[PDB]
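One chain comes next, on its own, written as structure tokens: the form deposited without Repotrectinib.
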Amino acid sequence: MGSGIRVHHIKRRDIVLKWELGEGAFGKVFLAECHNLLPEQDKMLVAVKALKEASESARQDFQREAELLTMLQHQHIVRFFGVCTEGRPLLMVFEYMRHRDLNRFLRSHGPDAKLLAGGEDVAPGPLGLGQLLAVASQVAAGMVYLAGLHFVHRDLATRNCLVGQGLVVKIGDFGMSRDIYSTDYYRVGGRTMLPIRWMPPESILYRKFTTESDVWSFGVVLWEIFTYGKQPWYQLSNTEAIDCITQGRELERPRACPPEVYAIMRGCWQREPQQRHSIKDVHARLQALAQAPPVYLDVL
């Protein structure tokens, strides 16, 4: 009908790179200042993705990615600001989230954490049950919005969530999870990588991905939250993990996980996509649990 969503472009001169945050096979992510981006601040901190190569296949994909990212606006979806196509490399620019991806954040507040969390924003050490439920509730909120628009994520996981000032949790990533978290994907034939531990049996068996596959994945994200970012089926090989999912074996309740939260996970892990709890109902149950956190029983 008509061209479509228009990507805000950014002057290269209004972007000062500071240092890389991350690096991958086909990408680089930088912390940067962005001059005259928003009215209120002359400069402010941003996360800038730099595409490594500028081939016509990357240029097409990039514009499609940017159009898509520009379209999504929500309180629990990472803020996208625009691109810069004026000379190489191609750049995408997002809000900076100081606590990084939710997986890195959870591991830094685990019982097994190597150092203590810097901790001007949040208490170091394990998080409060009420905090865990606040994390889980905000991801569910971002999902409710994605499902609303018939958008299917296909790689939902704490690696692909970001944490900001005040423990704001949003859904987003810079496209580099297949590099930085390569053990989370199964190399299936050639240059297809699947996050099989977060996938339901209909996705593994029938190659089907729906809003209901996202719900299954979210169940595993809940398990990730209540284990402080542990890998699902961490003992198991990729092949072993596929056997479990396909044979109906379920992840065990985490020590930190109240049974009402475990019940939400099990609503997410129904074998039958149509028998799974809606993402709205899952969000509402978690909001309610977050407002009035259960006394998590005994560890005994």
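Numbers for residues come from their place in the sequence shown, where the first is 1. Take the two forms, find the largest set of C-alpha atoms that superpose within 1.5 Å, and that set is the rigid core.
In what follows, reference is made to the form solved in complex with Repotrectinib, a form of this protein that is not presented.
Handout entry: Placed ligand check: Repotrectinib in the deposited bound form, overlay by site C-alphas, backbone/C-beta within 2.4 Å
Key = The site is blocked here, because Repotrectinib, transferred from its pose in the deposited bound form, has 3 or more atoms within 2.4 Å of backbone or C-beta atoms.
Practice task
Answer with one of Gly229, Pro201, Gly172, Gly82: the residue that has a non-hydrogen atom within 4.5 Å of Repotrectinib in the deposited bound form.
Solution key: None of the others qualify; the residue that does is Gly172.
Handout entry: Listed residue that, although Repotrectinib is not shown, lies within 4.5 Å of it in the deposited bound form (heavy atoms), from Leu91, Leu162, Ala136, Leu106
Key = By the 4.5 Å heavy-atom cutoff, the listed residue in contact is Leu162.
Exercise for the section: Give a yes/no on whether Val122 approaches Repotrectinib to within 4.5 Å in the deposited bound form, heavy atoms considered. Expected result: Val122: no contact with Repotrectinib in the deposited bound form.
Exercise for the section: Indicate whether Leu289 is a 4.5 Å heavy atom neighbour of Repotrectinib in the deposited bound form. Expected result: Judged by the heavy-atom cut-off of 4.5 Å, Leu289 is well away from Repotrectinib in the deposited bound form.
Handout entry: is_contact(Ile15, Repotrectinib) in the deposited bound form, heavy atom dist at most 4.5 Å
Key = No - in the deposited bound form, heavy atoms of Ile15 and Repotrectinib never come within 4.5 Å of each other.
Handout entry: Contact of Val261 with Repotrectinib in the deposited bound form (heavy atom, 4.5 Å)
Key = Taking the distances in the deposited bound form, the answer for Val261 is no, it never comes within 4.5 Å of Repotrectinib.
Practice task
Can you work out whether Repotrectinib is within 4.5 angstroms of a heavy atom in all three of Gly22, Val78 and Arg100 in the deposited bound form?
Solution key: Yes: each residue has a heavy atom within 4.5 Å of the partner.
Practice task
Counting only non-hydrogen atoms, choose the one of 33 to 41, 237 to 245, 267 to 275, 47 to 55 that falls within 4.5 Å of Repotrectinib in the deposited bound form.
Solution key: Looking at the partner contacts, the answer comes out as 47 to 55.
Handout entry: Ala25 C-alpha shift between this form and the one not shown of 2 Å or more, rigid core reference
Key = Where the cores coincide, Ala25 still shows a C-alpha shift between this form and the one not shown that is 2 Å or more.
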